[PDB]
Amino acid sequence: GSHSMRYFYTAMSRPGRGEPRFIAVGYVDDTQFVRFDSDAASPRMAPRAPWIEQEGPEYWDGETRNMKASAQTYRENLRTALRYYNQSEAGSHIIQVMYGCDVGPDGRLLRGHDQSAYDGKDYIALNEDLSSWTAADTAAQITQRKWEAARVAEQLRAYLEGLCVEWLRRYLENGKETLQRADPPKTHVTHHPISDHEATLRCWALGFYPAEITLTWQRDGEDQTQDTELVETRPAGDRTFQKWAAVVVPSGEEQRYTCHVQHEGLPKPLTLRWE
């Protein structure tokens, strides 16, 4: 604990370039484990992590049927959205959905999520109580009224309390030695002159999992959170991540600078310095 499961759907129209497309991916924490893509010749839900591969045929068949139905539903939703926004049928549009559950150390539900977007902006979201909606605009308010009349929130709440948690628990067990074993970052500091008065100090963290990490620069103990260049955390391609933090320092003052690394794989936080 704590852990999460999330599914992400992208449904896109593209008149004249292709058939509408629906892609779904599933994650446990920062690890992707399934995918479905409607463009595939024979679309199926398929494994994207080794620990799900030995799941039986009934799992794959069921998930495949579910994804096919969701794809149909979201293609139609794109049409509906065109009417809601009085948009032409020539333009390309995107619906995105992310949903899932967070659980604690004890495997019990902490929080449920269900959010949808249209053309990259909030469209409609299930509230924290899992029994009511927040609609972002008048179109979405139409969707809200339908979902209230159809008791959708009750069904989704039932999913989030039941299957979502139960299956997340199963996957965390199936993949225990990867999903529940933090990999500490391997760290180092590099030094690169800028002028004959200034230099860059770069603090590196590589090969860590999960993605959550904190890199800070201090100068005699004061965070330079205002004067730090921080790159976005990036995937290594092997289910580990990388990040660095850089700070520009006056020449000959390198020693008052310290890099502080915080990650769950580390016994104690690291304090590094260049030499």
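Note that residue numbering follows the sequence shown and begins at 1.
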Can you tell me which stretch has the higher mean Cα B-factor, 92-100 or 79-87?
79-87
Higher of the two mean Cα B-factors (254-262, 19-27; per PDB record) comes from 254-262
Among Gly162, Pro185, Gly175, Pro105, single out the one with the highest C-alpha B factor in the record, please.
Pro105
Whose C-alpha has the highest temperature factor in the PDB entry: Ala211, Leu206, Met67, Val248?
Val248
Where does the C-alpha B-factor of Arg157 rank in its chain, lowest, middle or highest third?
lowest
Taking only the Cα B-factors deposited for this chain, tell me whether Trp244 sits in the lowest, middle or highest third.
middle
Looking at the entry's B-factor column for C-alpha atoms only, identify whether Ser195 ranks in the lowest, middle or highest third of its chain.
highest
Sort the modelled residues of this chain by their C-alpha B factor and say whether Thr138 lands in the lowest, middle or highest third.
highest
So, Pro57's CA B-factor, relative to its chain, sits in which third? The highest
